[PDB]
Amino acid sequence: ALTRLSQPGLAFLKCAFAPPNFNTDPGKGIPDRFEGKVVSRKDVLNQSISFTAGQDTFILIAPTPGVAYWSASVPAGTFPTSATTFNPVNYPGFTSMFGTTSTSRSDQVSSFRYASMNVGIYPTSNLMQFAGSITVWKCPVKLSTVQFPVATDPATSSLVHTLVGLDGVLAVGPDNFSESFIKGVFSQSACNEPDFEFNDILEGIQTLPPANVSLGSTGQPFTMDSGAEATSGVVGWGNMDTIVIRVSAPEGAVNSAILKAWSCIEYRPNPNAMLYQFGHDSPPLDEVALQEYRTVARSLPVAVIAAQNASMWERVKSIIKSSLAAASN
Amino acid sequence: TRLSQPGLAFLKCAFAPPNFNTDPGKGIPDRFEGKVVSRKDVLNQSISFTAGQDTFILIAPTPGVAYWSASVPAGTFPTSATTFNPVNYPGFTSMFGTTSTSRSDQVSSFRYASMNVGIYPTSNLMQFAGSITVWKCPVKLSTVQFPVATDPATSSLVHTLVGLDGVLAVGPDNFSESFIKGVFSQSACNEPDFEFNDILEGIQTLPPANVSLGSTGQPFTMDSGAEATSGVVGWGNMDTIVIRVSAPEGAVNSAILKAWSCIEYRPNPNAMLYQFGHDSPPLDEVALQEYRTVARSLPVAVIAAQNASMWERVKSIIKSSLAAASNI
Amino acid sequence: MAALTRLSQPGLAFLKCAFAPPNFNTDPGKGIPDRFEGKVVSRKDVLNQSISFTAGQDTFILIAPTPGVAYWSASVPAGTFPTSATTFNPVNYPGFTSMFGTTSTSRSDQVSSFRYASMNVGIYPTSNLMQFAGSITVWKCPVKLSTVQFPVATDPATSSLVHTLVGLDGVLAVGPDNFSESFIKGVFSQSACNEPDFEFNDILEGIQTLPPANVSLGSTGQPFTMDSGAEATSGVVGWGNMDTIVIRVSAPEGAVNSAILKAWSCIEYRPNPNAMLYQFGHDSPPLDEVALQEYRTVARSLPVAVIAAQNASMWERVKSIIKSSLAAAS
Amino acid sequence: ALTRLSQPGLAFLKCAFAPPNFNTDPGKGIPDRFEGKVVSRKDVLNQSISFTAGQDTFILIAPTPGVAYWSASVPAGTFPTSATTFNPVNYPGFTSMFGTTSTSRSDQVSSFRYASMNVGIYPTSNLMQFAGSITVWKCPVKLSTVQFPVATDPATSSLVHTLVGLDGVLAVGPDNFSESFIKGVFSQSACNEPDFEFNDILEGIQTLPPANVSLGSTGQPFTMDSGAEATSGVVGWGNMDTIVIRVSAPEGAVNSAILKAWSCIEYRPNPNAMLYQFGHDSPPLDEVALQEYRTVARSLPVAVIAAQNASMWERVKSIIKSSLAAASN
Amino acid sequence: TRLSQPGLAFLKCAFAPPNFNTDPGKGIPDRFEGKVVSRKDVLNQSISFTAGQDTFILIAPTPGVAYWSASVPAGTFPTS
Amino acid sequence: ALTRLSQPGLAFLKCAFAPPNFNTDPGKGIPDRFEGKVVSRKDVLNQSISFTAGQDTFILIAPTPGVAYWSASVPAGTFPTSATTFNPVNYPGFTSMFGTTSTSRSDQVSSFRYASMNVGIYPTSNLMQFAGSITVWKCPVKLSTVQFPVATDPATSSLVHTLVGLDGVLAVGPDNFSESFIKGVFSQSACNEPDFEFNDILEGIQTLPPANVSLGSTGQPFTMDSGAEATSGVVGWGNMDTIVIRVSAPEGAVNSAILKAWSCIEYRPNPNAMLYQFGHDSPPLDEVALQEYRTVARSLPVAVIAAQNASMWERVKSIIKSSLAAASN
RNA sequence: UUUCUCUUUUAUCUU
RNA sequence: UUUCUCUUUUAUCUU
RNA sequence: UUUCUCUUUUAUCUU
RNA sequence: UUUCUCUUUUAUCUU
Ligand SMILES: [Ca+2]
Ligand SMILES: [Ca+2]
Ligand SMILES: [Ca+2]
Ligand SMILES: [Ca+2]
Ligand SMILES: [Ca+2]
Ligand SMILES: [Ca+2]
Ligand SMILES: [Cl-]
């Protein structure tokens, strides 16, 4: 049954829903209509992380290139406020691709498009000290713009990047996974568009709201700060929903874990880049894989405990064969 | 092959005439199948047209706002001296707040499936006079880049509507008929696919505050008013319908106007909207090609009487096109 | 053949305007065989220009998907590439103004949005065998039109956002995937949609230079500058979804390099009801699965560029790649 | 496959797109509905020609009977102006058919209709001295009329022959062939009507605008002067587009060549003419040939280099068999 | 046999009623296949007819001119 | 016969002596004892170049990572003098690997080792204007050090990088290839050590002699200037002899060409680099390939004309089979 | 671009 | 205008 | 790490 | 200029 899929079409589905803990081929690309030259980037992060007691730590798997996630900590039982600021954590070699200045992101590559975005939280802590829960839901966060006037001389109108849908982080979504901390968790996001459009690399973005822009004007409920332009930054915004994770650590609880992040991204490389050497045409269209991708995604749970992560690939193959069969009637 | 339930519903909300208890359907049978909330916006507006005036109505793919209306002296078109004002769909505020920075509080993005409009004359036959003329415009929301002599010197970039110049003349492809005969017309996706558009914050006027209409290139103005009552939350990929009601001097032109919109929004987990969301309908190749074929085959607009047999006209175009394909 | 019979009439025309020389193809073709079937106006822009290259200078040309401008050129010192000090200047296709007016704010008067189908270019040397010298190198860059965000110390202090050309840097190095041959052998090369689908792009208002007026090249990241000149003669009306063809013509000193330059552009526009253009419109041709798949395949199968001599073999060369892949399916 | 064509139907297609350098049968006529008596005239010119340096020489293959082409020279980088005058070059024996006075053209024949109109430019010059290019495009030039008043006594209204579509010569058509001079060129024109209508022979035409007629009144962008009525003249205007050729010779360039012109024309002969002796009925209708003619014509390039001229006939047969085959489905 | 795309479009521009987003079609499906430009001319004219007058309108095959209008006293026809 | 070589062992020999004009696999690595993780970098340059008349232009294919070659021009009939300075030309994406400051070269990679170094010069110029010759020889240039005292306070002793064997560029080596310019040339260099040792990446090197160092102290006959630290630099010195090319262009000669450069390099990647994603173990030892490598190298000519470049691979296979056969006795 | 064998040599899919 | 053979004798189409 | 088939799917070597 | 078939397609010579 899984023989109706082209080689890449299958590979594609594995990067998408499978956890390549093994050094599996990073990617073969996306089996969609596009077949121009791209570079399959397999971003993976392994961050050991300790959650502070009495704090409800928030993590955002936000489809920003090179930066695995963003996290902020808030007093237990509460959510981010205007007073909150999220700080990015990068994937290995951020600078090796986007440079060290807010105006050199498009040096290596010009555009991109995500294929997968997975995350897992495995628990370090012993069974006597842990406590608390891990809650997950996904937000349709897009990167729009805000228009407002400014009393300068002459008076003028401003336009800047603003994040819409952030207000979704201020409450636990109805469609969510919630369970004991110790059980860990695995979850992934998918393309929030009817197709895989290429997005441009964005220059100069270090903070949202921008420098000199008040938060109130933006609409955004809180702030995104990538920090020094030489260490991190916002190079773009993919068409993937953002995964939200709330790890609430009660008082005196010793909750530690290891967090892993996966990201299959097709970048359009520049000839002057060395990166270009590893370019290859995108895999040619695989109608079946593209239809299964959608079906599988819609079928899977918001998230699952860490243990069920291994059977994840197996869980996926059954949904496919079950879909390919129920469609042979 | 045949259409799915959602794929058929999709075609009904799309071309279905008003009255049919049309089902919003599960939404768009297009490759996307993520979480969405289907809203079927409907407006019923009693309205009287100023005699000796040529009133211009615009159905444009802005969420929450049915149409935009401006009026000018009979025989003329909008001028730089003209400003169009929104009329809201019921509950605009309950969706996009009361601040120009509250639009994306409930939903983050959207995509139009249909955008219909109908005008049913209520005038008694002698009293009424005039015509109704319709044509559609490919109005897109772009941007304009101009420098500004501030200190230090800077360059501005702001929203600007392109293709508005098409409203200053009656498009060759148009429907023209006696006012009394009413009218029904619909718009459709002006893109090959139904991609999602983002919700836009801060937009109240175009040209925006502190920008001269000269800077934008726009032929006239768009004013939504108090940010507490209305505003421009986004611009969808649908051609904009233009309606000219020509009321001569001493003409009593009264009528009802209905606005239909089928929109798929991406709900924010925090919104009270979310509990009504489901997943966008899985791809229905048939529907997606029927949609396109029907759209192209349908007239710009029709009189109100032909609207009733409109659905039947659609099933007619469905079988004829489907029959040729089945034969091979 | 069975392949040729499967293709819808517009679908065939589409492929020709895309991969084949204009002289071979009288037709533009109706338009793009994709799902979109709304009202459009197919224009096939063709520039013919006798050009002579500056001896002792490398001239760089860019076939960049901006409507109604054929290409952008600039010459630099032999052996070097564009620098911050360099500025590229457009050459228009015939009747630029008749399409996009004469002021930087009247670009969207005739049409509102657009989408490219094909974008070819060819150089036919006209020098005798006692005067020609030098090389013609060609590669393509994925140049997209994005934006840059940066704060400004005005009163009050504000944050700017302007247009920036991303991936322009690729023009400063000849990528491993390239065509390079003696000048005399001329060259032919086309570009194709760098997106999975042909979506429409808006017409851009007020753009005359990039970086724009009052902006330092430094704050944009762009390696060099783009200047369309007087708003009354040219300008940047938009940026299509096609990779940009880069061309480096090196002329040694004392060399007479003359040639003819041709440029094709199959573009589908969204006509404004008021435009005098509109009366020539028609509906975009309906979807042709086959043609769209052949397009992709052929596109990826063709070489970066080819010498002018085997350019005629091109149409026939393509007809081969179509029947070779349409062989695997059945 | 090429056996579905009648003998003449094939012949017809050869005269049309083939270069009978060989003394091939001149013609068998046109396989259209008409079958009355005609005379198949195979006009052929062999003119050695040297292009002056710094001049962009313009040649017009204009479907005027007996006159191969018309040429004028303009300063390089420029086009004909109101100040330009084109002078005809005749095909052998012009006078032997149209006489020696502007009012004796219809003496031999009364009407006509073109079948083919081909032209080729082969290059004399060595590879060290040549330079420049040959550009080609075709213009829909028809022969209409202009109506204007004249202040005579009594005042009256004039009506005279005027050429419409000449403005097409003032710019290089978008559909054109352009290439290095040395590569030569071959191109042909075809019937610009849905059928082969007969045109009358025109008496008294020596210049356009006529004698006593100002150029401005005509609309014509430049002038056509056939010269002495005893040596040349305009005897008619066929339903063929006119082939335009711009040979631009840079400064110091030594560009010479040999130009050849072909023209298959069916003339209606007069009994009192000796010419009549060689009359024969037009070939009876050959639906296939008439449909192929159209297909082939539409398929062929504007023009091709001289070298590809030999394979021209072969190029044509493949288009036919390819059309006859793709139509057997 | 059945009609071609252009041949069908041809029949639509020919008899198609106004409103149908009629496609100019590629033009005339007639033996000729040379270069042409298809133009679909459309005029929308608001007009009032003089009372006691018999207004005469002429649609005539002149490019660029929709119609020709003259008016005469009711019950009569054009005169020199 | 060529089946006694492992897959990589063969590949290895192709990168070494074959011109992958085709996008052949860049590399599989070096079949030597080492099997740790490396990244096979296939550096390739395509530089159009015009040689000035009356000048004897000198090009050095010097096994410095990221920089294809270095060239200087001297008055015809002469060689570099103390007054000469060579300027590097980079391979695409220099900065994308070694950064933009003289102290960030070891950011991406830590060490390296060359496998191949090939160069070819193909001629643009016509046969009437060219003149002159291309001369080639190879120099055993190593990167050593110089020790000298400096009268500072307190007085101290300096030690800096100095290039030994540069004096080999001041005369045409006895073992050389010399031939008419128009004939072009192809030549390659090989490992100048009994094994493939890894060399470290060198920080801070922009010029040799260094800044503040007089040329006389160094011993070096001329100067090496990589220019702005943000555009180029000397990141290391491989164990390959340097290829020297002297293109002497007489007065009035119009000599142009296209120069190509190949370089197979195994770099030891850093985990924090994205570059690392494309790492793989070095191919395991292939005694045969390593012995053939040596034999082939020793056999081949200094250089050959451009035309014989295509048969180069074939020329190589025959030497191998001829060696594998003459060794079966 | 015309053609197969052979070993390759990876890479999945299945027991 | 009623009919074939025969050589003609050109003329293409195909290997 | 225990085992084969199968199609893969690239990749060379040979005619 | 190297070679035949095939239909041609005219054109005579003969019943
Ligand atoms: Ca908000
Ligand atoms: Ca899209
Ligand atoms: Ca405008
Ligand atoms: Ca940059
Ligand atoms: Ca005129
Ligand atoms: Ca020394
Ligand atoms: Cl020109």
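As stated in the entry header, the method of structure determination is X-ray crystallography and the reported resolution is 3.5000 Å.

Residue and element names in this part refer to chain D. Neighbouring RNA strand H are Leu2, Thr3, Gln7, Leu10, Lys14, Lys317 and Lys321. Each atom of RNA strand H within 4 Å of the protein belongs either to a base or to sugar and phosphate, the latter forming 100%. Within the residue set of the surface near RNA strand H, elements represented by two or more residues are α1 (7-17) and α5 (312-325). In terms of residues, the surface near RNA strand H owes the most to one element, α1, which gives three residues. When the residues that make up the surface near RNA strand H are grouped by side-chain class, the tally is two nonpolar, two polar and three charged.

Next up on the list: the protein's contact with RNA strand I. All residues in the neighbourhood of RNA strand I are listed as A:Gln7, F:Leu2, F:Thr3, F:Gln7, F:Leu10, F:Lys14, F:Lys317 and F:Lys321. Atoms of RNA strand I within 4 Å of the protein belong to the sugar or the phosphate in 88% of instances, the rest to bases. Here A:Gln7 contributes a side-chain N or O atom positioned 3.0 Å from a sugar or linking oxygen of RNA strand I. Taking F:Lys14, its side chain carries an N or O atom lying 3.1 Å from a phosphate oxygen of RNA strand I. When residues of the surface near RNA strand I are traced back to their parent elements, those giving at least two are α1 (7-17) and α5 (312-325) of chain F.

So, on to the interface of chain A and chain B. Contacts between the two partners involve 42 residues from chain A and, on the opposite side, 45 residues from chain B. For the pairing of chain A and chain B, the buried interface totals around 3,300 Å² over both sides, and the portion due to carbon and sulfur atoms is 51%. For the pair chain A and chain B, the interface holds four salt bridges. A:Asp175 is the salt-bridge partner of B:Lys35, the closest N and O atoms lying 2.9 Å from each other. In this structure, the connection of chain A to chain B is made through 15 residue pairs in polar contact.

Moving on: the coordination of the calcium ion (ligand 1). Within the protein, the atoms that donate to the calcium ion (ligand 1) are A:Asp167 (OD), A:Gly219 (O) and B:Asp105 (OD), at distances of 2.5 to 3.1 Å. Pair noted here: A:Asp167 is in the loop between β8 (156-164) and β9 (177-180) and A:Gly219 is in the loop between α3 (215-218) and β13 (223-225), with a separation of 52 residues, a long-range link. Note on A:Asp167: relative accessible area 9%, which makes it buried.

On to the state of the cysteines. In protein structure, a disulfide is the covalent linkage between the sulfur atoms of two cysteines. Taken as a whole, this structure holds five disulfides over all chains when the rule is applied. The disulfide that involves A:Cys15 links it to A:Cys264, with 2.0 Å between the sulfurs. Its torsion about the S-S bond being 100 degrees, the disulfide of A:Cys15 and A:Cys264 is classed as right-handed. Of this pair, A:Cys15 sits in helix α1 (residues 7-17) while A:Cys264 sits in strand β15 (residues 255-269), and the two are 249 residues apart along the sequence. Both residues of the pair, A:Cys15 and A:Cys264, belong to the buried class. Put simply, B:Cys13 and B:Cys262 are joined by a disulfide, and their sulfur atoms are 2.0 Å apart. On the sign convention where negative is left-handed, the bridge of B:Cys13 and B:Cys262, at about 95 degrees about the S-S bond, is right-handed. Here B:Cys262 lies in strand β15 (residues 253-267) and B:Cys13 lies in helix α1 (residues 5-15), a separation of 249 residues in the sequence. Across the pair, B:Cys262 and B:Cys13 agree in class, each one buried. Counting only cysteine sulfurs, D:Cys191 is the nearest neighbor of D:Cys139, a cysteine outside any disulfide, at a range of 17 Å.

Moving on, we get to the UniProt feature "disulfide bond" in chain C. Judged by the 2.5 Å criterion, the disulfide between C:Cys17 and C:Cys266 that UniProt reports is present, the sulfurs being 2.0 Å apart. Residue C:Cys17 is found in helix α2 (residues 9-19), and its partner C:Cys266 is found in strand β15 (residues 257-271); the two are separated by 249 residues along the sequence.

All names here are of chain F. As a packed pair, helix α4 (residues 287-299) and α5 sit with axes 10 Å apart at the nearest point and diverge in direction by 120 degrees. At the point where α4 passes α5, the crossing takes the right-handed sense. Taken together, the residues of α5 that come into contact with α4 (itself represented by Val288, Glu292, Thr295, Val296 and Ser299) are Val316, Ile319, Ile320, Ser323 and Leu324. Of the residues in the contact of α4 with α5, the class split is six nonpolar, three polar and one charged.

A few words now on the coordination of the calcium ion (ligand 6). Each protein donor to the calcium ion (ligand 6) is listed here as F:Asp167 (OD) and F:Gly219 (O); together their distances run 2.5 to 3.1 Å. Since its relative accessible area comes to 48%, F:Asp167 is described here as partly exposed.

In this section: the nonpolar core. For soluble globular proteins, the rule of thumb is that nonpolar side chains tend to be buried together. Membership of the largest hydrophobic core comes to 129 residues, with the highest contact counts inside it found for A:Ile245, F:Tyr69, F:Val136 and F:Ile245. Non-local contacts of F:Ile245, meaning those with residues more than four positions away in its chain, are made with F:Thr57, F:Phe58, F:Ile59, F:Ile61, F:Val119, F:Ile121, F:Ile134, F:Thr135 and F:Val136. The next biggest cluster of nonpolar side chains, apart from the first, holds 64 residues, and it includes C:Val76, C:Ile247, C:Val249 and C:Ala259.

Residue and element names in this part refer to chain A. For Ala307, the location among the structural elements is in the loop between β17 (303-304) and α5 (312-325). By relative accessible area, which is 65% here, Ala307 ends up exposed. It is 7.8 Å that separates the C-alpha atoms of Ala307 and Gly184, two residues lying 123 residues apart in sequence.

Counting residues at the interface gives 44 residues for chain C and 44 residues for chain B. At the boundary of chain C with chain B, total buried surface from both sides reaches about 3,300 Å², with 50% on carbon and sulfur atoms. Area buried by chain C at its contact with chain B is led by C:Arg35, C:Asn214 and C:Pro273, which between them contribute 19% of it. At the junction of chain C and chain B, the tally comes to four salt bridges. A salt bridge links B:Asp239 to C:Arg270, with the nearest nitrogen and oxygen atoms 2.7 Å apart. For the interface between chain C and chain B, the tally reads 18 residue pairs in polar contact. For the side of chain C that touches chain B, the secondary structure elements donating two or more residues are β5 (111-125), β8 (158-166), β12 (209-210) and β15 of chain C. Grouping the amino acids of the side of chain C that touches chain B by side-chain chemistry returns 18 nonpolar, 13 polar and 13 charged.

Scoring rules and cut-offs
- Residues numbered from 1 in each chain as written, not as in the entry; some residues may be left out.
- Chains lettered and ligands numbered in written order.
- Part of a larger assembly, values for the part shown.
- Heavy atoms only, no water.
- Near = heavy atom within 4 Å.
- Helix = DSSP H or I, 4+ residues; strand = E, 2+ residues; numbered from the N terminus.
- Nonpolar A, V, L, I, M, F, W, Y, C, P; charged D, E, K, R; others polar.
- Polar contact = N/O pair within 3.5 Å; in protein donor to acceptor, adjacent residues only side chain to side chain.
- Contact = heavy atoms within 4.5 Å.
- Buried area = accessible area lost by both parts, 1.4 Å probe.
- Salt bridge = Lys/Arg side-chain N within 4 Å of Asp/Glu carboxyl O.
- Donors = N, O, S within 2.8 Å, 3.2 Å for Na, K, Ca; no water.
- Buried < 20%, exposed > 50% of the residue type's maximum accessible area, 1.4 Å probe, protein only.
- Disulfide = S-S within 2.5 Å.
- UniProt positions renumbered as here; feature names shortened; annotations may be inferred.
- Axes fitted to C-alpha atoms, helices over the stretch in contact; angles between N-to-C directions.
- Left-handed = near helix turned anticlockwise from the far one by under 90°.
- Core = buried A, V, L, I, M, F, W, Y, C linked by side-chain atoms within 4.5 Å.

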